[PDB]
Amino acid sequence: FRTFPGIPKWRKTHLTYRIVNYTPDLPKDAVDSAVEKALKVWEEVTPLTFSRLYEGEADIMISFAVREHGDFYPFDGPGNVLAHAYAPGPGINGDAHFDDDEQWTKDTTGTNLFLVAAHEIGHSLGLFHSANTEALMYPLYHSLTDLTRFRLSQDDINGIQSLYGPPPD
């Protein structure tokens, strides 16, 4: 795993998230579920808890975008960069952006929203790209048919606990 104990991690255990907009690719219920599931992968092995907001600035602002979208890193059309996120902090830090030029799907027939969102929130919590190839934090989208086999790698758990510790239970 790769962390950089200069860069601040979140100073609190309870984080807020807000889904700012929805992709035409999927039913709003699936976006909500994918995000919820992605957040749970991390709450499970740390003492981090999350709550949703519908107005104001949540710590982790989640949005779909295309090309230029208000930050210094424009998306690139179809494929390649699927989404990006910023490490802990105020403002844009902790935010996660998803490229709508990708076809977001609940299965593996396009870009699986859940898996990429899980990786993105990784970034939102202070995790950087892992060198380990089976890690969720590995920067490579494998059109991984077996979503039924997904499991956070020991590397991912080791990395996120390095910053926040284990769950209290």
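Start at 1 with the first residue shown and count on from there.
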- Can you let me know which of the two, 112-120 or 135-143, has the higher average C-alpha B-factor in the entry? 135-143
- Averaging only over Cα atoms, indicate whether 25-33 or 96-104 has the higher B-factor in the PDB entry. 25-33
- Out of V66, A58, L127, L39, which shows the largest CA B-factor listed in the entry? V66
- Quick one: classify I157 as lowest, middle or highest third of the chain based on its Cα B-factor. middle
- Looking at the C-alpha B-factor of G79, is it in the lowest, middle or highest third of its chain? lowest
